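Values in this text are rule-based calculations from the coordinates and carry no lab data. So basically every Cβ, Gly included, is an ideal-geometry build from the backbone, and we count neighbours across all protein chains shown.
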Ligand SMILES: O=C(O)Cc1cccc([N+](=O)[O-])c1
Ligand SMILES: [Zn+2]
């Protein structure tokens, strides 16, 4: 099955998932000089005051912080979006070293990591139906750089020891994702895809310009996770990022001057 190795990594995904070579794949390089300011874009509305996290999961590809999405509790609206999108999970992508890890790039710059907050359009009723629609998901992407620690991340880092290997989960209630957001909500937006199989072309991407800072210690704890299951040969969970894909016939729009 798919993964991030030599034999099963991004460059192989197209054989099981031919949409890998589609017209609206993610991530992409954001060329800041060609992304045009669009005065018609709105401020993003991120309303996470009632978010109810429940659990953290090592799925063998990353870890997922999961939310109760059975009511309108943590929603993304505005920005480029029409309608209301409910938070279902967040996860990250990161590198073996601080010089790579992000999926999106900015003028070819790779960040140490990238956070993805995944939301589904309530007009489709559930996540599985939403992913079948071109406007089914909105993913908020946030870059991570290594410097100062992010106090709001530390709760996540400290639970990772309990989900070292694939298929482990742990109760993870009361975690507030507002602690992961940067000061500015300036963003770039474009139409794209999931970045893991099945690579469905169902996402409005909203990538924040301002990175968050995390400490080397924090990211080092991400790199102690394992792709393998309990008691199998250890292969560290690192470099779980898809590289930039062809932009094709897309425009990247900026919310800011
Ligand atoms: O389980 C999976 O890898 C598919 C999946 C599910 C939810 C979000 C995703 N994304 O690319 O942001 C991908
Ligand atoms: Zn992701």
Check your understanding: With respect to residue 96, is the statement that it is in contact (Cβ under 8 Å) with a residue 24 or more places away in the chain and over 22 Å from residue 223 (Cα atoms) true?
Key -> no
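Of everything in the range 111-125, what is closer than 8 Å to residue 136 by Cα and either surrounded by fewer than 24 Cβ atoms within 10 Å (Cβ to Cβ) or away from ligand 1 (no atom under 13 Å from the Cβ) (or both)? Give them in sequence order. Full working, then the answer.
Pass one, the range 111-125, residues closer than 8 Å to residue 136 by Cα: 120-121, 124.
Across the range 111-125, the qualifying residues are 121, 124.
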Study note, to complete from the structure: Restricting the range 176-203 to residues that are more than 12 Å from ligand 1 (Cβ to nearest atom) and assigned to a strand (DSSP E or B), the one farthest from residue 14 (Cα to Cα) turns out to be 187
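Okay, residues lined up against (1) closer than 27 Å to residue 224 by Cβ; (2) under 17 Å from the mean Cα position of the chain (by Cα); (3) surrounded by fewer than 19 Cβ atoms within 10 Å (Cβ to Cβ); (4) more than 15 Å from ligand 1 (Cβ to nearest atom):
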site	(1), (2), (3), (4)
17	no, no, yes, no
22	no, no, yes, no
42	no, no, yes, yes
67	yes, yes, no, no
86	no, yes, no, no
107	no, no, yes, yes
**Study point:** Looking only at the range 135-157, and only at residues there that are part of a helix (DSSP H, G or I) and touching a residue at least 24 places away in the same chain (Cβ under 8 Å), the one that is farthest from ligand 1 (Cβ to nearest atom)
**Key:** 151
Check your understanding: more than 19 Å from residue 212 (Cβ to Cβ) and in contact with a helix residue (DSSP H, G or I) (Cβ under 9 Å, 6 or more places away or on another chain), is that true of residue 38?
Key -> no
Practice item. Please name all residue pairs, on different chains or six or more residues apart, with Cβ atoms under 8 Å, provided the first residue is in the range 20-42 and is more than 30 Å from residue 3 (Cα to Cα) and the second residue is exposed (fewer than 12 other Cβ atoms within 10 Å of the Cβ). Key: 32/107; 33/107; 37/257
Study note, to complete from the structure: Conditions (1) more than 16 Å from ligand 2 (Cβ to nearest atom); (2) under 23 Å from residue 56 (Cα atoms) -> residue 186 fails only (2)
Exercise for review: Need at least 3 residues that are within 26 Å of residue 168 (Cα to Cα) and more than 15 Å from ligand 2 (Cβ to nearest atom) per element, so show me which strands (runs of 3 or more DSSP E) inside the range 47-133 make the cut, counting only ones lying wholly within it.
Suggested key: 53-58
Practice item. From the list 2, 13, pick out the single residue that is at negative phi, in a loop (DSSP other than H, G, I, E, B) and surrounded by 12 or more Cβ atoms within 10 Å (Cβ to Cβ). Key: 2
Exercise for review: Just give me the residues in the range 211-245 being more than 15 Å from the chain's Cα centre (by Cα), more than 14 Å from ligand 2 (Cβ to nearest atom) and under 29 Å from residue 122 (Cα atoms), in sequence order.
Suggested key: none
